[PDB]
$ cat input_34.pdb   # PDB, C-alpha atoms
MODEL        1
ATOM      1  CA  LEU A 475     107.225 112.391  86.336  1.00  0.00           C
ATOM      2  CA  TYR A 476     109.213 112.965  83.166  1.00  0.00           C
ATOM      3  CA  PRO A 477     111.268 116.145  83.645  1.00  0.00           C
ATOM      4  CA  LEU A 478     110.859 119.075  81.306  1.00  0.00           C
ATOM      5  CA  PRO A 479     113.652 118.250  78.832  1.00  0.00           C
ATOM      6  CA  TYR A 480     114.206 121.827  77.692  1.00  0.00           C
ATOM      7  CA  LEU A 481     114.318 123.358  81.177  1.00  0.00           C
ATOM      8  CA  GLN A 482     117.522 121.574  82.180  1.00  0.00           C
ATOM      9  CA  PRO A 483     120.764 123.054  80.807  1.00  0.00           C
ATOM     10  CA  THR A 495     132.126 133.757  76.768  1.00  0.00           C
ATOM     11  CA  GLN A 496     131.426 134.100  73.055  1.00  0.00           C
ATOM     12  CA  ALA A 497     129.538 137.335  73.680  1.00  0.00           C
ATOM     13  CA  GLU A 498     132.272 138.409  76.083  1.00  0.00           C
ATOM     14  CA  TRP A 499     134.893 137.550  73.548  1.00  0.00           C
ATOM     15  CA  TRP A 500     133.109 139.487  70.811  1.00  0.00           C
ATOM     16  CA  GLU A 501     132.943 142.467  73.170  1.00  0.00           C
ATOM     17  CA  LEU A 502     136.710 142.229  73.611  1.00  0.00           C
ATOM     18  CA  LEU A 503     137.353 141.972  69.870  1.00  0.00           C
ATOM     19  CA  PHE A 504     135.140 145.011  69.365  1.00  0.00           C
TER      20      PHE A 504
ATOM     21  CA  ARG B  21     114.218  72.002  94.839  1.00  0.00           C
ATOM     22  CA  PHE B  22     111.513  74.613  95.457  1.00  0.00           C
ATOM     23  CA  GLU B  23     110.412  77.609  93.404  1.00  0.00           C
ATOM     24  CA  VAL B  24     108.736  80.861  94.421  1.00  0.00           C
ATOM     25  CA  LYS B  25     105.488  81.686  92.634  1.00  0.00           C
ATOM     26  CA  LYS B  26     104.501  84.813  94.608  1.00  0.00           C
ATOM     27  CA  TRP B  27     105.438  86.694  97.760  1.00  0.00           C
ATOM     28  CA  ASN B  28     104.566  89.549 100.102  1.00  0.00           C
ATOM     29  CA  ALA B  29     107.026  91.523 102.211  1.00  0.00           C
ATOM     30  CA  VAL B  30     106.483  93.969 105.053  1.00  0.00           C
ATOM     31  CA  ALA B  31     108.249  97.054 106.307  1.00  0.00           C
ATOM     32  CA  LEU B  32     107.609 100.036 108.540  1.00  0.00           C
ATOM     33  CA  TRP B  33     108.125 103.723 107.784  1.00  0.00           C
ATOM     34  CA  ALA B  34     110.251 104.611 110.764  1.00  0.00           C
ATOM     35  CA  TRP B  35     110.877 108.342 111.004  1.00  0.00           C
ATOM     36  CA  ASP B  40     106.438 118.352 118.956  1.00  0.00           C
ATOM     37  CA  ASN B  41     105.025 121.811 119.600  1.00  0.00           C
ATOM     38  CA  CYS B  42     101.894 123.251 117.936  1.00  0.00           C
ATOM     39  CA  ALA B  43     103.456 122.683 114.539  1.00  0.00           C
ATOM     40  CA  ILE B  44     100.843 124.688 112.650  1.00  0.00           C
ATOM     41  CA  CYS B  45     101.691 127.943 114.440  1.00  0.00           C
ATOM     42  CA  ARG B  46     105.014 126.654 115.862  1.00  0.00           C
ATOM     43  CA  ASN B  47     104.534 128.137 119.328  1.00  0.00           C
ATOM     44  CA  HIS B  48     105.459 126.002 122.319  1.00  0.00           C
ATOM     45  CA  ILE B  49     103.097 123.084 122.822  1.00  0.00           C
ATOM     46  CA  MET B  50     101.815 124.322 126.184  1.00  0.00           C
ATOM     47  CA  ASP B  51     102.323 128.009 125.347  1.00  0.00           C
ATOM     48  CA  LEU B  52      99.793 130.436 123.883  1.00  0.00           C
ATOM     49  CA  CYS B  53      98.604 131.208 120.361  1.00  0.00           C
ATOM     50  CA  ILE B  54     100.787 133.446 118.207  1.00  0.00           C
ATOM     51  CA  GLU B  55      97.854 134.843 116.207  1.00  0.00           C
ATOM     52  CA  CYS B  56      96.444 136.123 119.490  1.00  0.00           C
ATOM     53  CA  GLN B  57      99.935 136.601 120.922  1.00  0.00           C
ATOM     54  CA  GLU B  66      95.357 134.210 125.318  1.00  0.00           C
ATOM     55  CA  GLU B  67      91.991 132.464 124.957  1.00  0.00           C
ATOM     56  CA  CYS B  68      92.770 129.412 122.785  1.00  0.00           C
ATOM     57  CA  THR B  69      92.306 126.096 124.526  1.00  0.00           C
ATOM     58  CA  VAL B  70      94.084 123.103 123.068  1.00  0.00           C
ATOM     59  CA  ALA B  71      92.127 120.762 120.806  1.00  0.00           C
ATOM     60  CA  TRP B  72      92.608 117.027 120.394  1.00  0.00           C
ATOM     61  CA  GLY B  73      91.597 114.863 117.468  1.00  0.00           C
ATOM     62  CA  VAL B  74      91.192 111.175 116.741  1.00  0.00           C
ATOM     63  CA  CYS B  75      94.467 111.205 114.810  1.00  0.00           C
ATOM     64  CA  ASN B  76      96.225 111.936 118.088  1.00  0.00           C
ATOM     65  CA  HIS B  77      97.617 115.403 117.535  1.00  0.00           C
ATOM     66  CA  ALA B  78      97.192 118.433 119.803  1.00  0.00           C
ATOM     67  CA  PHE B  79      96.723 121.861 118.234  1.00  0.00           C
ATOM     68  CA  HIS B  80      95.344 125.261 119.222  1.00  0.00           C
ATOM     69  CA  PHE B  81      91.594 125.795 118.847  1.00  0.00           C
ATOM     70  CA  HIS B  82      92.415 129.103 117.142  1.00  0.00           C
ATOM     71  CA  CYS B  83      94.870 127.551 114.677  1.00  0.00           C
ATOM     72  CA  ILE B  84      92.494 124.700 113.935  1.00  0.00           C
ATOM     73  CA  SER B  85      89.387 126.864 113.691  1.00  0.00           C
ATOM     74  CA  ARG B  86      91.003 129.008 111.010  1.00  0.00           C
ATOM     75  CA  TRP B  87      92.771 126.190 109.147  1.00  0.00           C
ATOM     76  CA  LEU B  88      89.638 124.031 109.063  1.00  0.00           C
ATOM     77  CA  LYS B  89      87.565 126.976 107.875  1.00  0.00           C
ATOM     78  CA  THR B  90      90.063 126.956 105.016  1.00  0.00           C
ATOM     79  CA  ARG B  91      90.591 123.231 104.387  1.00  0.00           C
ATOM     80  CA  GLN B  92      89.017 120.033 105.686  1.00  0.00           C
ATOM     81  CA  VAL B  93      91.870 117.585 106.334  1.00  0.00           C
ATOM     82  CA  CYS B  94      94.277 117.120 109.217  1.00  0.00           C
ATOM     83  CA  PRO B  95      97.299 119.254 108.267  1.00  0.00           C
ATOM     84  CA  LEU B  96      99.652 116.670 109.805  1.00  0.00           C
ATOM     85  CA  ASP B  97      98.446 113.251 108.604  1.00  0.00           C
ATOM     86  CA  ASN B  98      96.159 113.811 105.570  1.00  0.00           C
ATOM     87  CA  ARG B  99      92.972 112.466 107.197  1.00  0.00           C
ATOM     88  CA  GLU B 100      89.592 114.122 107.655  1.00  0.00           C
ATOM     89  CA  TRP B 101      89.883 115.888 110.995  1.00  0.00           C
ATOM     90  CA  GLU B 102      87.472 114.611 113.642  1.00  0.00           C
ATOM     91  CA  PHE B 103      87.062 116.536 116.878  1.00  0.00           C
ATOM     92  CA  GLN B 104      87.667 114.004 119.631  1.00  0.00           C
ATOM     93  CA  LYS B 105      84.494 113.611 121.695  1.00  0.00           C
ATOM     94  CA  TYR B 106      85.443 110.569 123.762  1.00  0.00           C
ATOM     95  CA  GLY B 107      85.669 110.896 127.523  1.00  0.00           C
ATOM     96  CA  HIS B 108      83.912 114.240 127.214  1.00  0.00           C
TER      97      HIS B 108
ATOM     98  CA  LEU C1584      80.262  98.875 124.830  1.00  0.00           C
ATOM     99  CA  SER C1585      80.630 102.221 123.057  1.00  0.00           C
ATOM    100  CA  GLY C1586      81.181 105.286 125.184  1.00  0.00           C
ATOM    101  CA  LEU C1587      82.250 103.250 128.210  1.00  0.00           C
ATOM    102  CA  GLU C1588      85.713 102.690 129.647  1.00  0.00           C
ATOM    103  CA  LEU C1589      85.918  99.125 128.312  1.00  0.00           C
ATOM    104  CA  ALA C1590      86.184 100.467 124.754  1.00  0.00           C
ATOM    105  CA  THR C1591      89.930 101.041 124.929  1.00  0.00           C
ATOM    106  CA  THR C1592      90.759  97.548 126.141  1.00  0.00           C
ATOM    107  CA  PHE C1593      88.349  95.947 123.681  1.00  0.00           C
ATOM    108  CA  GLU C1594      89.944  97.865 120.813  1.00  0.00           C
ATOM    109  CA  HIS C1595      93.428  96.912 121.975  1.00  0.00           C
ATOM    110  CA  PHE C1596      92.421  93.271 121.926  1.00  0.00           C
ATOM    111  CA  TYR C1597      90.679  93.586 118.556  1.00  0.00           C
ATOM    112  CA  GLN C1598      93.719  95.069 116.815  1.00  0.00           C
ATOM    113  CA  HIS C1599      95.805  92.082 117.854  1.00  0.00           C
ATOM    114  CA  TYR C1600      93.632  89.590 116.000  1.00  0.00           C
ATOM    115  CA  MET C1601      92.761  91.794 113.040  1.00  0.00           C
ATOM    116  CA  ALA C1602      96.499  91.983 112.348  1.00  0.00           C
ATOM    117  CA  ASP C1603      97.001  88.259 111.897  1.00  0.00           C
ATOM    118  CA  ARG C1604      93.694  87.918 110.080  1.00  0.00           C
ATOM    119  CA  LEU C1605      94.715  90.511 107.505  1.00  0.00           C
ATOM    120  CA  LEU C1606      98.105  88.918 107.005  1.00  0.00           C
ATOM    121  CA  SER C1607      96.524  85.471 106.555  1.00  0.00           C
ATOM    122  CA  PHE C1608      93.867  86.678 104.096  1.00  0.00           C
ATOM    123  CA  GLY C1609      93.326  89.892 102.180  1.00  0.00           C
ATOM    124  CA  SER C1610      90.834  92.408 103.471  1.00  0.00           C
ATOM    125  CA  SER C1611      87.664  90.572 102.552  1.00  0.00           C
ATOM    126  CA  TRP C1612      84.097  91.827 102.618  1.00  0.00           C
ATOM    127  CA  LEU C1613      83.732  90.405 106.118  1.00  0.00           C
ATOM    128  CA  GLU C1614      86.070  92.805 107.904  1.00  0.00           C
ATOM    129  CA  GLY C1615      84.618  95.867 106.223  1.00  0.00           C
ATOM    130  CA  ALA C1616      81.066  94.766 106.969  1.00  0.00           C
ATOM    131  CA  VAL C1617      81.716  94.027 110.632  1.00  0.00           C
ATOM    132  CA  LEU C1618      83.341  97.433 110.867  1.00  0.00           C
ATOM    133  CA  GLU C1619      80.460  99.182 109.124  1.00  0.00           C
ATOM    134  CA  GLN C1620      78.347  97.718 111.915  1.00  0.00           C
ATOM    135  CA  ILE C1621      80.445  98.310 115.027  1.00  0.00           C
ATOM    136  CA  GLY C1622      82.828 101.084 113.946  1.00  0.00           C
ATOM    137  CA  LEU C1623      81.667 103.848 116.256  1.00  0.00           C
ATOM    138  CA  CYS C1624      82.622 101.649 119.218  1.00  0.00           C
ATOM    139  CA  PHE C1625      86.364 101.926 118.585  1.00  0.00           C
ATOM    140  CA  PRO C1626      87.454 105.229 120.163  1.00  0.00           C
ATOM    141  CA  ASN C1627      90.550 106.059 118.102  1.00  0.00           C
ATOM    142  CA  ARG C1628      89.474 104.312 114.874  1.00  0.00           C
ATOM    143  CA  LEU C1629      92.565 102.129 114.580  1.00  0.00           C
ATOM    144  CA  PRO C1630      90.981  99.206 112.639  1.00  0.00           C
ATOM    145  CA  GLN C1631      89.625 101.465 109.920  1.00  0.00           C
ATOM    146  CA  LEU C1632      93.140 102.814 109.526  1.00  0.00           C
ATOM    147  CA  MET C1633      94.624  99.347 109.049  1.00  0.00           C
ATOM    148  CA  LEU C1634      92.046  98.624 106.369  1.00  0.00           C
ATOM    149  CA  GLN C1635      92.727 101.914 104.594  1.00  0.00           C
ATOM    150  CA  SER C1636      96.447 101.130 104.787  1.00  0.00           C
ATOM    151  CA  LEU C1637      96.092  98.092 102.544  1.00  0.00           C
ATOM    152  CA  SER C1638      94.431 100.249  99.868  1.00  0.00           C
ATOM    153  CA  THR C1639      97.031 102.998 100.052  1.00  0.00           C
ATOM    154  CA  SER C1640      99.635 100.304  99.476  1.00  0.00           C
ATOM    155  CA  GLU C1641      98.013  99.129  96.256  1.00  0.00           C
ATOM    156  CA  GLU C1642      98.037 102.744  95.039  1.00  0.00           C
ATOM    157  CA  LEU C1643     101.752 102.937  95.828  1.00  0.00           C
ATOM    158  CA  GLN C1644     102.308  99.827  93.712  1.00  0.00           C
ATOM    159  CA  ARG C1645     100.752 101.605  90.737  1.00  0.00           C
ATOM    160  CA  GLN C1646     102.996 104.623  91.206  1.00  0.00           C
ATOM    161  CA  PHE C1647     106.116 102.454  91.455  1.00  0.00           C
ATOM    162  CA  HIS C1648     105.274 100.876  88.104  1.00  0.00           C
ATOM    163  CA  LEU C1649     104.999 104.291  86.466  1.00  0.00           C
ATOM    164  CA  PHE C1650     108.262 105.452  88.055  1.00  0.00           C
ATOM    165  CA  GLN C1651     110.076 102.457  86.582  1.00  0.00           C
ATOM    166  CA  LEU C1652     108.747 103.393  83.159  1.00  0.00           C
ATOM    167  CA  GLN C1653     110.000 106.970  83.462  1.00  0.00           C
ATOM    168  CA  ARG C1654     113.478 105.798  84.457  1.00  0.00           C
ATOM    169  CA  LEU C1655     113.668 103.447  81.483  1.00  0.00           C
TER     170      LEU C1655
ENDMDL
END
$ encode --input "input_34.pdb" --output "structure tokens"
Amino acid sequence: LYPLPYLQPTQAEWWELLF
Amino acid sequence: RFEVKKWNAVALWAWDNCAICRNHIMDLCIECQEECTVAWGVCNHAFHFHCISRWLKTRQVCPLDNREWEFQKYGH
Amino acid sequence: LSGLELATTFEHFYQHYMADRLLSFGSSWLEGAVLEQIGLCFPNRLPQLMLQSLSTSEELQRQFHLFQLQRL
């Protein structure tokens, strides 16, 4: 069975800090 | 010298209460937990008549070994 | 013999030759035909299970081939 390639695998935190 | 043209090898798949309802093998039936007698089948497992009655009414295979359940009628 | 006591000992003896016969030759028409005659004699249905085992093994060979392809 070929695995679902997309299913397998802070900037937002940083931006929050900058803000 | 000799050469191999084909071959066949062999191996075994080497690895006990009423597994379906998990009560003790000689104990009573949890669904009714006392009128379920034990049932035996050709595939050599022992389960509760209650468990099996329900399960079979749902599906038509042995839940433990993937074979069509056959109520053992030998010696009877 | 069916339904008597002798069934168990007859089946025990039959298994012991059906083993070597299957390992010396694949499961031919002969074994399946003899069983479709005298099957209900064997109390636990062991010989039928040996025969079915050979077929399950061919299925497993197919799956192993596919699995190799997925890995590659």
$ resolve_selection --input "input_34.pdb" --expression "the PyMOL selection byres ((chain B and resi 56) around 12)" --output "NGL selection string"
:B and (45 or 47 or 51-55 or 57 or 66-69 or 80-83)
$ interface_residues --input "input_34.pdb" --of "chain B" --to "chain C" --cutoff "10 Å" --atoms "all atoms listed in the file" --output "PyMOL selection string"
chain B and resi 28+30+73-76+99+104-108
$ interface_residues --input "input_34.pdb" --of "chain A" --to "chain C" --cutoff "10 Å" --atoms "only C-alpha atoms" --output "PyMOL selection string"
chain A and resi 475-477
$ atom_distance --input "input_34.pdb" --atom1 "atom CA of residue 1636 of chain C" --atom2 "atom CA of residue 1610 of chain C"
10.5 Å
$ atom_distance --input "input_34.pdb" --atom1 "atom CA of residue 1607 of chain C" --atom2 "atom CA of residue 34 of chain B"
23.9 Å
$ atom_distance --input "input_34.pdb" --atom1 "atom CA of residue 27 of chain B" --atom2 "atom CA of residue 1633 of chain C"
20.1 Å
$ resolve_selection --input "input_34.pdb" --expression "the PyMOL selection byres ((chain C and resi 1625) around 10)" --output "PyMOL selection string"
chain C and resi 1584-1586+1590-1595+1597+1618+1621-1624+1626-1631
$ axis_aligned_box --input "input_34.pdb" --around "segment 23-27 of chain B" --padding-each-side "6 Å" --output "lines of an AutoDock Vina configuration file"
center_x = 107.5
center_y = 82.2
center_z = 95.2
size_x = 17.9
size_y = 21.1
size_z = 17.1
$ residues_around --input "input_34.pdb" --residues "residue 44 of chain B" --least-positions-apart "2" --cutoff "9 Å" --atoms "all atoms listed in the file" --output "compact mmCIF listing (two decimals) with C-alpha atoms, in the frame of the given file"
# COMPACT_ATOMS: atom_id res chain seq x y z
CA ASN B 41 105.02 121.81 119.60
CA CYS B 42 101.89 123.25 117.94
CA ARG B 46 105.01 126.65 115.86
CA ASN B 47 104.53 128.14 119.33
CA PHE B 79 96.72 121.86 118.23
CA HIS B 80 95.34 125.26 119.22
CA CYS B 83 94.87 127.55 114.68
CA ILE B 84 92.49 124.70 113.94
CA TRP B 87 92.77 126.19 109.15
CA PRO B 95 97.30 119.25 108.27
CA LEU B 96 99.65 116.67 109.80
$ decode --input "input_34.pdb" --residues "segment 1632-1653 of chain C" --atoms "N, CA and C atoms" --output "compact mmCIF listing (two decimals), in the first residue's frame"
# COMPACT_ATOMS: atom_id res chain seq x y z
N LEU C 1632 -8.25 -28.34 5.36
CA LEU C 1632 -7.50 -27.17 5.77
C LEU C 1632 -6.09 -27.19 5.20
N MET C 1633 -5.46 -28.37 5.11
CA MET C 1633 -4.16 -28.42 4.45
C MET C 1633 -4.27 -27.98 2.99
N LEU C 1634 -5.30 -28.49 2.30
CA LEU C 1634 -5.47 -28.12 0.90
C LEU C 1634 -5.66 -26.62 0.76
N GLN C 1635 -6.56 -26.04 1.56
CA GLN C 1635 -6.77 -24.60 1.51
C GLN C 1635 -5.50 -23.83 1.84
N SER C 1636 -4.63 -24.41 2.66
CA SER C 1636 -3.40 -23.72 3.03
C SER C 1636 -2.51 -23.49 1.82
N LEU C 1637 -2.42 -24.48 0.94
CA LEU C 1637 -1.58 -24.26 -0.25
C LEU C 1637 -2.07 -23.06 -1.08
N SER C 1638 -3.39 -22.88 -1.17
CA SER C 1638 -3.94 -21.79 -1.97
C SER C 1638 -3.69 -20.45 -1.30
N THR C 1639 -3.93 -20.38 0.01
CA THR C 1639 -3.61 -19.15 0.73
C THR C 1639 -2.15 -18.75 0.52
N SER C 1640 -1.26 -19.74 0.40
CA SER C 1640 0.14 -19.40 0.24
C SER C 1640 0.42 -18.79 -1.13
N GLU C 1641 -0.26 -19.28 -2.17
CA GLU C 1641 -0.08 -18.63 -3.47
C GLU C 1641 -0.57 -17.18 -3.44
N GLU C 1642 -1.69 -16.93 -2.77
CA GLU C 1642 -2.15 -15.55 -2.61
C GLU C 1642 -1.10 -14.68 -1.93
N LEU C 1643 -0.50 -15.21 -0.85
CA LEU C 1643 0.56 -14.46 -0.17
C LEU C 1643 1.72 -14.15 -1.10
N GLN C 1644 2.04 -15.06 -2.02
CA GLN C 1644 3.11 -14.76 -2.97
C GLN C 1644 2.78 -13.55 -3.83
N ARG C 1645 1.53 -13.47 -4.28
CA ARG C 1645 1.11 -12.29 -5.04
C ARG C 1645 1.32 -11.01 -4.23
N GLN C 1646 0.86 -11.02 -2.98
CA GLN C 1646 0.96 -9.81 -2.17
C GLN C 1646 2.42 -9.42 -1.95
N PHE C 1647 3.30 -10.40 -1.75
CA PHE C 1647 4.71 -10.08 -1.56
C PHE C 1647 5.29 -9.38 -2.78
N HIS C 1648 4.90 -9.83 -3.97
CA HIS C 1648 5.36 -9.16 -5.19
C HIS C 1648 4.95 -7.69 -5.19
N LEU C 1649 3.67 -7.43 -4.91
CA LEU C 1649 3.21 -6.04 -4.87
C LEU C 1649 3.99 -5.22 -3.85
N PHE C 1650 4.20 -5.78 -2.66
CA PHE C 1650 4.90 -5.07 -1.60
C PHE C 1650 6.30 -4.67 -2.02
N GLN C 1651 7.01 -5.58 -2.70
CA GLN C 1651 8.30 -5.22 -3.27
C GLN C 1651 8.19 -4.01 -4.18
N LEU C 1652 7.18 -4.01 -5.05
CA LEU C 1652 7.04 -2.88 -5.96
C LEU C 1652 6.84 -1.57 -5.22
N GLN C 1653 6.02 -1.58 -4.17
CA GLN C 1653 5.79 -0.34 -3.42
C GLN C 1653 7.08 0.16 -2.77
